[PDB]
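Encoded as structure tokens, the following chain is the form deposited in one PDB entry, with no partner shown.
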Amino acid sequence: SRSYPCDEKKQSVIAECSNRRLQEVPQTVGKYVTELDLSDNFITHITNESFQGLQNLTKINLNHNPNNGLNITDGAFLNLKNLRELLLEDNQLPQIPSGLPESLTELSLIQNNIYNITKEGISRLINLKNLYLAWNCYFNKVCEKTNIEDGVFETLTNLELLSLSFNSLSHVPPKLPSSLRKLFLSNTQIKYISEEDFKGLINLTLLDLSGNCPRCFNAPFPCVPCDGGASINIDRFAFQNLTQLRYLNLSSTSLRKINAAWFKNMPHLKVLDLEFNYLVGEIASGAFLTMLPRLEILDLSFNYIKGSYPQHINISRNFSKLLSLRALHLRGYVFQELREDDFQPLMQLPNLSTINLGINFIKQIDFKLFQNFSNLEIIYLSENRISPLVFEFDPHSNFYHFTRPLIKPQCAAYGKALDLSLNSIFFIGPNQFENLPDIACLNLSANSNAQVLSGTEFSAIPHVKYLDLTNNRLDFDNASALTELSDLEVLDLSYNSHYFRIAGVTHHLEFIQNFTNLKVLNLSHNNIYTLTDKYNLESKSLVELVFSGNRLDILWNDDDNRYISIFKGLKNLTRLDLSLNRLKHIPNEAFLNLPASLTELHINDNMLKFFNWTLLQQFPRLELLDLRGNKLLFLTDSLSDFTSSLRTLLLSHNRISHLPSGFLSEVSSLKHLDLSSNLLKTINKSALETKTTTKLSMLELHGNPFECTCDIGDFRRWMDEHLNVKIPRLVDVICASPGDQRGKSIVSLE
């Protein structure tokens, strides 16, 4: 039987049951399911009958029920003897639920209203490994200080991760187990760390003390400093027996002085986070740095002195002792000029590959200095002032910075990367890139550049392979633009509409043909509608063209023949994106002039009232056809005559009200047909009557206004007989009529 209301799969056997507007635990969950995701529903009661039929359950996710809190009886879960992981986040629970199964290894109660951690709630959960209680009382929420019963955690002798961040604690809890590997005490209003607080935790590898005595100036949240904005006070012997520490987080602890003796017995420390402190003085002196010869990542971001814009950054000679350093983050220091000598102390560090100076309002850099480093791989300078050379917070993320790569992994994969995005290099003059390493990945996005590139600007870094020029005002008025970069493989010119949008200025895209290695070109959002002299794009190498957000409705206007072969000269093209081009119809001859090598064609989010399915005959390699978001009415009845390659056909958000006799099971090759959000009232006997067989494995139908009379029987019957063809989200495959069926699944009817 086709499972309902959950979607299932085998991975442990997972029941996807999230976000289906369920009002209670469905009683119809499969008895082989090991993992049950019921998150984001409208469930209000959990009782001992809620999971009665499901003792193979090892993982239950009830996060965010309902969307006025979640009501859980004493020992509602007690009979699930195999339950290991119970997620109850964001449920407005007033208490730890009573009578939780002793088999629990993972319990998350993040984002609730729990101000009392009790022996009765917890001390019997002796198998706990990971306990999350964070974000229960914080900011300006109306809540109580957290009462932690003396010794509530001491019985949990296999506990490896304890998180109590974003609660009011005032003190580190006594009687923590020595099994701890990771202790999260961020934003807990603890002012003082004594010798006793951590003395027993010889297995700790991570300690997070960030946000206690925070630095509150310009904070993007409600922020309460320690009296007189004082530092956190950490006893000299506080970290004495923390010999296995790898991660230390002291962001926003208002630190002015770092005690070198803190690091004495921490030979393995790998990642040290010191953001949002007052360490300008310490960065210039930094005795503690001599204690950290294994440190790989040091984050000193946002240590700026309120109100100062000094000329230069001052880095201690002691940075030269950070022998293992791989990345240094120095965002938000704030300074005017970077000179070669200012970074002398970093230049011999053999593994320093990332230097991050984002958001420093830097006006001038002595570029030649970077090449004197051993080998930088990522020279991140985004969001400065370089100019021509002359609940709101994700509880499961990092709070103090974004976790994403600095440079797009696709670009950094080519080699050495320089990101000068979000500056003011509004004009690249003859000497701008002198004395740089062999840059492979260059980001010049959002530099207000309005120049006419002409074939010489990048001559001093001629091996750039991935060039990001997005979001400038580039004037493409010279056929030699960018031709100096003969290794260029990826070129992104997105959002340079400034001059293209003006009909009366000239526009030249002829340089595209000059590249022998160009694979991917992005011309998106350029409002391209007129070119000068040469009307066609030509490349013998190009594999992918993104032409979304242009004016193909104008270029292919029925009265104009000039752009009828605009893409034909792209002899190697396999992927073409023509979304967002306002197209009502594509002239037959223009469609036939698309590259016959295409395997993937997107024409989604236009206004197509017409598609000539017959022309698919000229595309024997076409596998994916994306026509989502149009106004199409008519499906051909003879698709198998027109293609034997097409594997995925996407037609959601159209106006199809009729599937033709023997439509699906038209093409052997068709695996995925998406017909969601169309105007289907019914699917007939004959529309699926084609046999045999179907390679069809997915058919999406949600969002159609189905008429649920006996006329739905043949499709319902079809569904039972083709359990191999997955129909997702049956909860949303809904009857629009008649009145008494309105709102029900089509699957729920006699």
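Take the two forms, find the largest set of C-alpha atoms that superpose within 1.5 Å, and that set is the rigid core. Residue numbers here begin at 1 and follow the sequence given.
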Quiz prompt | Entries skipping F391: at least a third of other ones | solution = yes
Quiz item: Between us, would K681 come up missing in a third or more of the other compared entries?
Solution: no
Self-check item: Residues of the deposited sequence that sit between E24 and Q23 yet are not modelled
Solution: none
Quiz item: Unmodelled stretch from the deposited sequence between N67 and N68, which bin: none, 1 to 3, 4 to 9, 10 or more?
Solution: 10 or more
Quiz item: Which has the higher mean CA temperature factor in the PDB entry, 182 to 190 or 661 to 669?
Solution: 661 to 669
Quiz item: Of the two stretches 550 to 558 and 332 to 340, which shows the higher Cα B-factor on average in the entry?
Solution: 332 to 340
Practice problem: In terms of CA temperature factor as recorded, identify the highest of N112, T118, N593, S497. | Solution: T118
Exercise. Sort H508, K175, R385, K568 by C-alpha B-factor from the entry and give me just the highest.
Key: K175
Practice problem: Looking at the entry's B-factor column for C-alpha atoms only, identify whether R256 ranks in the lowest, middle or highest third of its chain. | Solution: middle
Practice problem: Could you look up the Cα B-factor of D641 in the entry and say which third of the chain it sits in: lowest, middle or highest? | Solution: highest
Self-check item: Entry-reported Cα temperature factor of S123, expressed as the chain third it lands in
Solution: highest
Exercise. Please rank the C-alpha B-factors of the chain's modelled residues and tell me whether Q52 sits in the lowest, middle or highest third.
Key: highest
Exercise. Divide the modelled residues of the chain into thirds by Cα B-factor and specify which third, lowest, middle or highest, holds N704.
Key: lowest
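Below, we refer to the form deposited in another entry, which is not included among the displayed structures.
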Quiz item: Which of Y499, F642, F237, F511 has its C-alpha displaced by 2 Å or more between this form and the one not shown after core superposition?
Solution: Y499
Quiz item: Against the rigid core, is the Cα displacement of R655 between this form and the one not shown at least 2 Å?
Solution: no
Self-check item: Threshold 2 Å Cα movement between this form and the one not shown for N140, core superposed
Solution: yes
Practice problem: For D558, state whether the C-alpha moves by 2 Å or more between this form and the one not shown after rigid core superposition. | Solution: yes
Quiz item: If the CA atoms of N550 and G504 move by 3 Å or more in the other entry, do they move toward each other or away, so closer or farther than here?
Solution: closer
Quiz prompt | Direction of the Cα shift between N593 and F500 in the other entry, where the change is 3 Å or more | solution = farther
